[PDB]
$ cat structure-v5.txt   # compact mmCIF, C-alpha atoms and all ligand atoms
# COMPACT_ATOMS: atom_id res chain seq x y z
CA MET P 1 238.20 120.99 237.88
CA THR P 2 240.93 120.23 235.34
CA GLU P 3 240.91 118.06 232.23
CA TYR P 4 243.72 115.51 231.86
CA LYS P 5 244.19 113.75 228.52
CA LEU P 6 245.26 110.11 228.84
CA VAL P 7 246.07 108.01 225.76
CA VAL P 8 246.29 104.22 225.99
CA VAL P 9 248.66 102.72 223.42
CA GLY P 10 250.03 99.27 222.75
CA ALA P 11 249.81 96.23 220.52
CA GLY P 12 246.69 94.24 219.71
CA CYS P 13 244.97 91.78 222.05
CA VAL P 14 246.95 93.09 225.04
CA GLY P 15 243.95 94.34 227.04
CA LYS P 16 243.64 98.09 226.50
CA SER P 17 239.86 98.03 226.05
CA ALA P 18 239.50 95.70 229.03
CA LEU P 19 241.50 98.04 231.26
CA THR P 20 239.61 101.15 230.15
CA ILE P 21 236.21 99.49 230.66
CA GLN P 22 237.37 98.12 234.02
CA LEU P 23 238.27 101.64 235.14
CA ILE P 24 235.17 103.38 233.80
CA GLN P 25 232.49 100.81 234.69
CA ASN P 26 234.15 98.48 237.26
CA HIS P 27 233.36 95.42 235.16
CA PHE P 28 235.38 92.95 233.09
CA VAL P 29 234.26 92.35 229.50
CA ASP P 30 235.02 88.84 228.25
CA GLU P 31 235.09 89.81 224.57
CA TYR P 32 235.23 93.24 222.93
CA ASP P 33 235.37 94.31 219.30
CA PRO P 34 239.05 94.68 218.29
CA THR P 35 238.43 97.71 216.05
CA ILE P 36 236.28 100.10 218.13
CA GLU P 37 238.15 103.26 219.15
CA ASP P 38 236.32 105.61 221.49
CA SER P 39 236.75 108.29 224.15
CA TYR P 40 235.50 107.77 227.71
CA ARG P 41 235.15 110.27 230.55
CA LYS P 42 235.41 109.80 234.31
CA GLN P 43 235.49 112.08 237.35
CA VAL P 44 237.80 110.92 240.14
CA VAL P 45 239.45 112.27 243.28
CA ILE P 46 243.21 111.69 243.55
CA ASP P 47 244.92 112.35 246.88
CA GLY P 48 242.95 115.41 247.97
CA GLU P 49 241.89 116.95 244.65
CA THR P 50 238.98 116.08 242.37
CA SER P 51 239.52 116.07 238.61
CA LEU P 52 238.18 114.88 235.26
CA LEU P 53 239.91 112.42 232.92
CA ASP P 54 239.14 111.75 229.25
CA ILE P 55 240.73 108.57 227.91
CA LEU P 56 241.11 107.49 224.27
CA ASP P 57 241.00 103.71 223.80
CA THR P 58 243.23 103.33 220.76
CA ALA P 59 242.60 100.32 218.51
CA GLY P 60 245.29 100.43 215.84
CA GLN P 61 247.07 102.34 213.09
CA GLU P 62 245.28 100.78 210.11
CA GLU P 63 243.70 104.00 208.79
CA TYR P 64 244.24 107.70 209.40
CA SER P 65 241.88 109.41 211.86
CA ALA P 66 241.69 113.12 212.61
CA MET P 67 240.45 112.61 216.18
CA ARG P 68 243.22 110.11 216.95
CA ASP P 69 245.89 112.44 215.55
CA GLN P 70 244.48 115.38 217.51
CA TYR P 71 244.54 113.33 220.72
CA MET P 72 248.09 112.18 219.97
CA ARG P 73 249.34 115.74 219.42
CA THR P 74 247.49 117.10 222.48
CA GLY P 75 247.28 114.21 224.97
CA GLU P 76 249.48 114.75 228.01
CA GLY P 77 249.74 111.31 229.63
CA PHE P 78 250.45 108.02 227.87
CA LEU P 79 249.87 104.44 229.04
CA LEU P 80 252.10 101.94 227.20
CA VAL P 81 250.49 98.51 227.66
CA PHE P 82 251.93 95.06 226.99
CA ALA P 83 250.97 91.48 227.82
CA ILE P 84 253.25 89.29 229.93
CA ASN P 85 252.54 86.08 228.01
CA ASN P 86 253.46 87.62 224.63
CA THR P 87 256.92 88.99 223.83
CA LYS P 88 256.20 90.66 220.47
CA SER P 89 254.03 93.16 222.35
CA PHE P 90 256.97 93.82 224.67
CA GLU P 91 259.22 94.37 221.64
CA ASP P 92 256.77 96.85 220.06
CA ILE P 93 256.99 99.17 223.09
CA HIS P 94 260.17 100.81 221.81
CA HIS P 95 258.52 101.67 218.49
CA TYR P 96 255.40 102.97 220.25
CA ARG P 97 257.46 105.19 222.54
CA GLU P 98 259.51 106.46 219.60
CA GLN P 99 256.35 107.37 217.69
CA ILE P 100 254.90 109.15 220.73
CA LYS P 101 258.13 111.09 221.26
CA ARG P 102 258.30 112.04 217.57
CA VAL P 103 254.72 113.32 217.37
CA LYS P 104 254.94 115.12 220.75
CA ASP P 105 258.39 116.71 220.14
CA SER P 106 259.76 114.53 222.96
CA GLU P 107 260.43 117.13 225.68
CA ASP P 108 259.11 115.57 228.90
CA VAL P 109 256.30 113.29 227.74
CA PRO P 110 254.90 111.40 230.78
CA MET P 111 254.40 107.69 230.12
CA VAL P 112 253.63 104.68 232.31
CA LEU P 113 254.58 101.08 231.49
CA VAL P 114 251.78 98.58 232.15
CA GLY P 115 251.90 94.80 232.25
CA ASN P 116 248.47 93.25 231.72
CA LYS P 117 247.17 89.67 231.98
CA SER P 118 249.19 89.04 235.16
CA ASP P 119 246.58 86.52 236.38
CA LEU P 120 247.79 83.76 234.02
CA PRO P 121 250.40 81.26 235.27
CA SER P 122 251.96 81.00 231.78
CA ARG P 123 254.21 83.89 230.77
CA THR P 124 257.18 84.46 228.48
CA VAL P 125 258.22 87.86 229.89
CA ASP P 126 259.49 88.26 233.46
CA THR P 127 259.51 91.21 235.83
CA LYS P 128 263.27 91.69 235.45
CA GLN P 129 263.16 92.72 231.78
CA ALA P 130 260.13 95.00 232.21
CA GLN P 131 261.55 96.72 235.29
CA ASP P 132 264.94 97.20 233.62
CA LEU P 133 263.29 98.69 230.53
CA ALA P 134 261.12 101.00 232.63
CA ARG P 135 264.13 102.20 234.63
CA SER P 136 266.01 102.78 231.37
CA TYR P 137 263.11 104.91 230.12
CA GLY P 138 262.83 106.56 233.55
CA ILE P 139 259.09 105.86 233.79
CA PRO P 140 257.06 103.97 236.42
CA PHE P 141 256.07 100.36 235.77
CA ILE P 142 252.87 98.76 237.07
CA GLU P 143 251.58 95.20 236.71
CA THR P 144 247.85 95.04 236.04
CA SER P 145 245.12 92.41 235.74
CA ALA P 146 241.75 93.27 234.22
CA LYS P 147 240.09 90.19 235.74
CA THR P 148 241.14 90.72 239.37
CA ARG P 149 241.28 94.54 238.95
CA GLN P 150 244.69 94.76 240.63
CA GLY P 151 246.54 97.90 239.56
CA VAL P 152 243.76 99.11 237.26
CA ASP P 153 243.31 102.35 239.22
CA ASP P 154 246.94 102.50 240.35
CA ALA P 155 248.22 102.83 236.78
CA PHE P 156 245.96 105.78 235.93
CA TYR P 157 246.62 107.47 239.28
CA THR P 158 250.38 107.09 238.80
CA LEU P 159 250.02 108.55 235.31
CA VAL P 160 248.13 111.60 236.59
CA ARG P 161 250.64 112.04 239.43
CA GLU P 162 253.47 112.01 236.88
CA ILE P 163 251.49 114.52 234.80
CA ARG P 164 251.27 116.85 237.80
CA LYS P 165 255.05 116.55 238.22
CA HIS P 166 255.67 117.70 234.63
CA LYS P 167 253.55 120.82 235.13
CA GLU P 168 255.18 121.48 238.52
CA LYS D 169 227.47 82.93 217.59
CA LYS D 170 227.85 82.03 213.92
CA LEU D 171 225.54 84.91 212.97
CA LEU D 172 227.66 87.44 214.87
CA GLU D 173 230.88 86.30 213.18
CA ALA D 174 229.20 86.19 209.76
CA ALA D 175 227.90 89.74 210.20
CA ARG D 176 231.29 90.98 211.43
CA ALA D 177 233.14 89.31 208.54
CA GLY D 178 230.65 90.44 205.90
CA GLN D 179 229.22 87.20 204.51
CA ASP D 180 225.95 87.42 202.59
CA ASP D 181 225.21 83.78 201.74
CA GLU D 182 226.23 82.61 205.22
CA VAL D 183 224.01 85.21 206.91
CA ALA D 184 221.05 84.31 204.69
CA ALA D 185 221.52 80.59 205.35
CA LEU D 186 221.79 81.13 209.12
CA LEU D 187 218.67 83.31 209.12
CA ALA D 188 216.72 80.70 207.17
CA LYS D 189 218.08 78.06 209.58
CA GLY D 190 216.46 79.79 212.57
CA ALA D 191 219.23 81.94 214.07
CA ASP D 192 217.87 84.70 216.29
CA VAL D 193 218.23 88.22 214.90
CA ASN D 194 218.57 89.76 218.38
CA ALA D 195 221.48 87.69 219.68
CA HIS D 196 224.12 89.65 221.57
CA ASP D 197 227.57 89.06 223.01
CA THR D 198 228.84 89.91 226.50
CA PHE D 199 229.00 93.67 225.95
CA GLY D 200 225.70 93.66 224.08
CA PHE D 201 226.59 93.99 220.41
CA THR D 202 223.93 92.63 218.04
CA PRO D 203 224.38 91.57 214.40
CA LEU D 204 222.91 94.92 213.36
CA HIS D 205 225.50 96.69 215.54
CA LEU D 206 228.40 94.88 213.86
CA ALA D 207 226.98 95.20 210.34
CA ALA D 208 226.51 98.95 210.79
CA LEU D 209 229.93 99.35 212.43
CA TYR D 210 231.88 97.53 209.72
CA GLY D 211 229.99 98.93 206.73
CA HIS D 212 227.96 96.12 205.15
CA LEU D 213 224.87 97.84 203.75
CA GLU D 214 223.22 94.75 202.24
CA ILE D 215 223.46 92.81 205.51
CA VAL D 216 221.97 95.81 207.33
CA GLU D 217 219.03 95.84 204.91
CA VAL D 218 218.49 92.09 205.29
CA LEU D 219 218.63 92.27 209.09
CA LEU D 220 216.21 95.21 209.17
CA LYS D 221 213.74 93.40 206.90
CA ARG D 222 214.08 90.21 208.95
CA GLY D 223 212.77 91.87 212.12
CA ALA D 224 215.81 93.11 214.03
CA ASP D 225 215.71 95.90 216.62
CA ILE D 226 216.91 99.34 215.52
CA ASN D 227 217.11 100.98 218.98
CA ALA D 228 219.09 98.32 220.84
CA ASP D 229 221.75 99.41 223.32
CA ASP D 230 225.06 97.91 224.38
CA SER D 231 226.58 98.03 227.87
CA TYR D 232 227.48 101.69 227.23
CA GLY D 233 224.12 102.66 225.72
CA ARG D 234 225.20 103.09 222.09
CA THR D 235 222.78 102.35 219.24
CA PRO D 236 223.66 101.27 215.68
CA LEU D 237 223.19 104.90 214.61
CA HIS D 238 225.97 105.86 217.04
CA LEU D 239 228.38 103.37 215.46
CA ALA D 240 227.40 104.34 211.91
CA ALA D 241 227.93 108.04 212.70
CA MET D 242 231.24 107.43 214.48
CA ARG D 243 232.62 105.35 211.60
CA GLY D 244 231.52 107.57 208.72
CA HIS D 245 229.11 105.37 206.76
CA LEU D 246 226.66 107.76 205.11
CA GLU D 247 224.47 105.17 203.36
CA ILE D 248 224.00 103.13 206.53
CA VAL D 249 223.11 106.32 208.41
CA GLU D 250 220.46 107.17 205.82
CA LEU D 251 219.07 103.62 205.80
CA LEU D 252 218.85 103.53 209.61
CA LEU D 253 217.12 106.92 209.58
CA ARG D 254 214.56 105.79 206.98
CA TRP D 255 213.35 102.97 209.27
CA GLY D 256 212.71 105.13 212.34
CA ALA D 257 215.94 105.11 214.34
CA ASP D 258 216.06 107.55 217.25
CA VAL D 259 218.15 110.46 215.97
CA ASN D 260 218.38 111.96 219.49
CA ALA D 261 219.43 108.93 221.52
CA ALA D 262 221.80 109.19 224.48
CA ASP D 263 224.52 106.84 225.72
CA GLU D 264 225.77 106.45 229.29
CA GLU D 265 227.40 109.88 228.95
CA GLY D 266 224.36 111.34 227.18
CA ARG D 267 226.11 111.84 223.83
CA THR D 268 223.87 112.46 220.84
CA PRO D 269 225.02 110.89 217.55
CA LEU D 270 225.49 114.51 216.48
CA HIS D 271 228.17 114.84 219.17
CA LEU D 272 230.06 111.80 217.88
CA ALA D 273 229.77 112.88 214.24
CA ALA D 274 230.94 116.41 215.06
CA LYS D 275 233.87 115.18 217.17
CA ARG D 276 235.04 112.80 214.44
CA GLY D 277 234.66 115.50 211.78
CA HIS D 278 232.07 113.93 209.47
CA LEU D 279 230.45 117.04 208.01
CA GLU D 280 228.14 115.17 205.61
CA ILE D 281 226.83 112.90 208.38
CA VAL D 282 226.24 116.02 210.49
CA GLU D 283 224.24 117.60 207.66
CA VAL D 284 222.17 114.44 207.17
CA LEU D 285 221.44 114.19 210.90
CA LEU D 286 220.39 117.85 210.92
CA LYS D 287 218.13 117.41 207.88
CA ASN D 288 216.44 114.41 209.48
CA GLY D 289 215.70 116.65 212.47
CA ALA D 290 217.84 116.91 215.61
CA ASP D 291 218.37 119.66 218.16
CA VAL D 292 221.71 121.42 217.77
CA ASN D 293 222.03 122.43 221.44
CA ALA D 294 221.85 119.23 223.49
CA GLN D 295 223.91 118.98 226.68
CA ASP D 296 225.48 115.71 227.80
CA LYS D 297 226.06 114.70 231.43
CA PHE D 298 229.22 116.87 231.42
CA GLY D 299 227.57 120.10 230.25
CA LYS D 300 228.88 120.07 226.68
CA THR D 301 227.24 120.63 223.28
CA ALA D 302 228.22 120.05 219.67
CA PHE D 303 229.11 123.73 219.26
CA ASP D 304 231.48 123.48 222.23
CA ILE D 305 233.08 120.42 220.61
CA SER D 306 233.56 122.42 217.41
CA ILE D 307 235.14 125.24 219.42
CA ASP D 308 237.50 122.81 221.14
CA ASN D 309 238.51 121.20 217.84
CA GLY D 310 238.58 124.60 216.14
CA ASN D 311 237.07 123.33 212.89
CA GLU D 312 235.74 126.26 210.87
CA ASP D 313 233.40 124.29 208.60
CA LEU D 314 231.69 122.56 211.53
CA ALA D 315 231.13 125.90 213.28
CA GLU D 316 229.77 127.39 210.05
CA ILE D 317 227.31 124.51 209.64
CA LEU D 318 226.20 124.63 213.28
CA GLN D 319 225.72 128.41 213.49
CA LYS D 320 223.70 128.63 210.27
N1 LIG P 401 243.03 86.76 231.88
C1 LIG P 401 243.07 88.02 231.39
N2 LIG P 401 242.59 88.24 230.14
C2 LIG P 401 242.60 89.48 229.60
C3 LIG P 401 243.16 90.59 230.39
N3 LIG P 401 243.06 91.69 229.63
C4 LIG P 401 242.48 91.32 228.45
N4 LIG P 401 242.21 90.01 228.44
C5 LIG P 401 241.59 89.25 227.34
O1 LIG P 401 242.11 89.66 226.07
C6 LIG P 401 241.07 89.63 225.10
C7 LIG P 401 241.25 90.75 224.09
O2 LIG P 401 241.57 91.96 224.76
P1 LIG P 401 241.04 93.36 224.18
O3 LIG P 401 239.98 93.92 225.09
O4 LIG P 401 240.51 93.20 222.78
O5 LIG P 401 242.35 94.29 224.20
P2 LIG P 401 242.63 95.32 223.01
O6 LIG P 401 242.76 94.57 221.71
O7 LIG P 401 243.92 96.05 223.28
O8 LIG P 401 241.50 96.31 222.90
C8 LIG P 401 239.76 89.77 225.86
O9 LIG P 401 238.83 88.79 225.40
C9 LIG P 401 240.09 89.51 227.31
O10 LIG P 401 239.39 88.36 227.77
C10 LIG P 401 243.67 90.26 231.74
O11 LIG P 401 244.16 91.15 232.47
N5 LIG P 401 243.60 88.99 232.15
MG MG P 402 240.02 97.52 221.70

$ encode --input "structure-v5.txt" --output "structure tokens" --more "lines below"
Ligand SMILES: Nc1nc2c(ncn2[C@@H]2O[C@H](COP(=O)(O)OP(=O)(O)O)[C@@H](O)[C@H]2O)c(=O)[nH]1
Ligand SMILES: [Mg+2]
Amino acid sequence: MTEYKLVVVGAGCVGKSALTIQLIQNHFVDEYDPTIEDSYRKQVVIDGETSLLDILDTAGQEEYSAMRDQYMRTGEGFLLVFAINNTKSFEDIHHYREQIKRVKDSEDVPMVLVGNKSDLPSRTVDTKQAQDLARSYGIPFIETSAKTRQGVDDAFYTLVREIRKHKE
Amino acid sequence: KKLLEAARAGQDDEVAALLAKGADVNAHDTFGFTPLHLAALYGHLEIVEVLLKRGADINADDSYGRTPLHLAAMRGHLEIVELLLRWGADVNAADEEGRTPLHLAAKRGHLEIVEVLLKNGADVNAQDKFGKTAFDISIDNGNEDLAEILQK
């Protein structure tokens, strides 16, 4: 097999932990601790090849961590998450992408834009802005919902497919 | 519910009042975190002592199979690790991936916690569900001090 490093980044209370737990365990957690940062491992078959994925569920940037920095400097794929009903999270995506590019020397870093909480009828951000931003960055954009599990696997599979493209 | 928030925040008088009021010491949220879990994770030694003396469970698991010793080792709280060890916590527990607290401590890079866990007695070569040991983690990270401690 091959090991693919996937790093989930974004603002707070956007649903990173919910998405990671939904992928790993196929179960939606109503409430999770906002400070726990941990690495999970899964073995999945994409297209016609089996592989192993290790995912770091980032919590924040409050204190320096050696493991988090090592993952940031080594992780290949990045999942930039934001919530549709909050616009500050959407604004922070530029800063997150700039930080990722700066730490990773910004050659061909593969990233995927993710819109979570798409099962709520109230939203301040529309698909037009997110799609335009994703096309400006030249990265795929996927809408996700951790409650209905729509797009949970599609986002990670698109990220690994983009990772394969960078190596190829 | 009030006990969980009081333990997470770090309130001594509130926790004592809730315990004297009849709040259960083994309450858990959706994932499975107990007041001892949160107190060990956030670093409130006095609350951990009070909960242990009250009759809490020291080998309780969450939905991923992690014990309070796992959280204490992954955060870097030495005193809480020692206190949990002195009351009989399983030093060789395994989560849903079969990760010993030694694995978490070695991956984070907490050399002192590694030394304490080794002194309390724990096998160096334990394989998880993915065929990995602490020495392999040290090789992957490349830390010289961790490899020196493990090989000796
Ligand atoms: N309705 C809905 N709620 C969500 C979704 N994702 C996350 N949440 C809620 O957001 C809350 C906090 O999310 P959290 O897991 O802490 O995200 P994190 O802070 O990035 O780790 C949780 O209590 C979830 O109930 C979603 O897709 N739909
Ligand atoms: Mg989280």

$ interface_residues --input "structure-v5.txt" --of "chain P" --to "chain D" --cutoff "12 Å" --atoms "all atoms listed in the file" --output "ChimeraX atom specification"
/P:1,3,17-18,21,24-25,27-43,52-54,63-71,74

$ closest_residue --input "structure-v5.txt" --among "D:294, D:257, D:183, D:286" --to "residue 318 (chain D)" --atoms "only C-alpha atoms"
D:286

$ atom_distance --input "structure-v5.txt" --atom1 "CA of residue 4 (chain P)" --atom2 "CA of residue 100 (chain P)"
17.0 Å

$ closest_atom_pairs --input "structure-v5.txt" --of "chain P" --to "ligand LIG 401 (chain P)" --cutoff "8 Å" --atoms "only C-alpha atoms and all ligand atoms" --output "JSON lines"
{"residue": "P:10", "atom": "CA", "partner": "P:LIG401", "partner_atom": "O7", "distance": 6.9}
{"residue": "P:11", "atom": "CA", "partner": "P:LIG401", "partner_atom": "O7", "distance": 6.5}
{"residue": "P:12", "atom": "CA", "partner": "P:LIG401", "partner_atom": "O6", "distance": 4.4}
{"residue": "P:13", "atom": "CA", "partner": "P:LIG401", "partner_atom": "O6", "distance": 3.6}
{"residue": "P:14", "atom": "CA", "partner": "P:LIG401", "partner_atom": "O7", "distance": 4.6}
{"residue": "P:15", "atom": "CA", "partner": "P:LIG401", "partner_atom": "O5", "distance": 3.3}
{"residue": "P:16", "atom": "CA", "partner": "P:LIG401", "partner_atom": "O7", "distance": 3.8}
{"residue": "P:17", "atom": "CA", "partner": "P:LIG401", "partner_atom": "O8", "distance": 3.9}
{"residue": "P:18", "atom": "CA", "partner": "P:LIG401", "partner_atom": "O3", "distance": 4.3}
{"residue": "P:19", "atom": "CA", "partner": "P:LIG401", "partner_atom": "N3", "distance": 6.7}
{"residue": "P:29", "atom": "CA", "partner": "P:LIG401", "partner_atom": "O10", "distance": 6.7}
{"residue": "P:30", "atom": "CA", "partner": "P:LIG401", "partner_atom": "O10", "distance": 4.4}
{"residue": "P:31", "atom": "CA", "partner": "P:LIG401", "partner_atom": "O9", "distance": 4.0}
{"residue": "P:32", "atom": "CA", "partner": "P:LIG401", "partner_atom": "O3", "distance": 5.3}
{"residue": "P:33", "atom": "CA", "partner": "P:LIG401", "partner_atom": "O4", "distance": 6.3}
{"residue": "P:34", "atom": "CA", "partner": "P:LIG401", "partner_atom": "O4", "distance": 4.9}
{"residue": "P:35", "atom": "CA", "partner": "P:LIG401", "partner_atom": "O8", "distance": 7.6}
{"residue": "P:57", "atom": "CA", "partner": "P:LIG401", "partner_atom": "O8", "distance": 7.5}
{"residue": "P:58", "atom": "CA", "partner": "P:LIG401", "partner_atom": "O8", "distance": 7.5}
{"residue": "P:59", "atom": "CA", "partner": "P:LIG401", "partner_atom": "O8", "distance": 6.0}
{"residue": "P:116", "atom": "CA", "partner": "P:LIG401", "partner_atom": "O11", "distance": 4.9}
{"residue": "P:117", "atom": "CA", "partner": "P:LIG401", "partner_atom": "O11", "distance": 3.4}
{"residue": "P:118", "atom": "CA", "partner": "P:LIG401", "partner_atom": "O11", "distance": 6.1}
{"residue": "P:119", "atom": "CA", "partner": "P:LIG401", "partner_atom": "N5", "distance": 5.7}
{"residue": "P:120", "atom": "CA", "partner": "P:LIG401", "partner_atom": "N1", "distance": 6.0}
{"residue": "P:144", "atom": "CA", "partner": "P:LIG401", "partner_atom": "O11", "distance": 6.4}
{"residue": "P:145", "atom": "CA", "partner": "P:LIG401", "partner_atom": "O11", "distance": 3.6}
{"residue": "P:146", "atom": "CA", "partner": "P:LIG401", "partner_atom": "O11", "distance": 3.7}
{"residue": "P:147", "atom": "CA", "partner": "P:LIG401", "partner_atom": "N5", "distance": 5.2}
{"residue": "P:148", "atom": "CA", "partner": "P:LIG401", "partner_atom": "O11", "distance": 7.5}
{"residue": "P:149", "atom": "CA", "partner": "P:LIG401", "partner_atom": "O11", "distance": 7.9}

$ atom_distance --input "structure-v5.txt" --atom1 "CA of residue 106 (chain P)" --atom2 "CA of residue 157 (chain P)"
22.1 Å

$ atom_distance --input "structure-v5.txt" --atom1 "CA of residue 211 (chain D)" --atom2 "CA of residue 229 (chain D)"
18.5 Å

$ closest_residue --input "structure-v5.txt" --among "P:132, P:113, P:82, P:99" --to "residue 155 (chain P)" --atoms "all atoms listed in the file"
P:113

$ closest_residue --input "structure-v5.txt" --among "P:6, P:46, P:79, P:56" --to "ligand MG 402 (chain P)" --atoms "all atoms listed in the file"
P:56

$ residues_around --input "structure-v5.txt" --residues "residue 191 (chain D)" --least-positions-apart "5" --cutoff "10 Å" --atoms "all atoms listed in the file" --output "list in words"
residues 169, 170, 171, 183, 184, 185 and 186 of chain D

$ write_last_selection --input "structure-v5.txt" --atoms "C-alpha atoms" --output "PDB file, in the coordinates of the input"
ATOM      1  CA  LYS D 169     227.470  82.930 217.590  1.00  0.00           C
ATOM      2  CA  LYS D 170     227.850  82.030 213.920  1.00  0.00           C
ATOM      3  CA  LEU D 171     225.540  84.910 212.970  1.00  0.00           C
ATOM      4  CA  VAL D 183     224.010  85.210 206.910  1.00  0.00           C
ATOM      5  CA  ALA D 184     221.050  84.310 204.690  1.00  0.00           C
ATOM      6  CA  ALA D 185     221.520  80.590 205.350  1.00  0.00           C
ATOM      7  CA  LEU D 186     221.790  81.130 209.120  1.00  0.00           C
TER       8      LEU D 186
END

$ residues_around --input "structure-v5.txt" --residues "residue 285 (chain D)" --least-positions-apart "2" --cutoff "12 Å" --atoms "only C-alpha atoms" --output "MDAnalysis selection string"
chainID D and resid 237:238 240:241 246 249:254 257:260 268:274 278:283 287:292 317:318

$ closest_residue --input "structure-v5.txt" --among "D:175, D:261, D:189, D:180" --to "residue 202 (chain D)" --atoms "all atoms listed in the file"
D:175

$ closest_residue --input "structure-v5.txt" --among "D:267, D:255, D:316, D:227" --to "residue 300 (chain D)" --atoms "only C-alpha atoms"
D:267

$ closest_residue --input "structure-v5.txt" --among "P:51, P:61, P:111, P:124" --to "residue 87 (chain P)" --atoms "all atoms listed in the file"
P:124
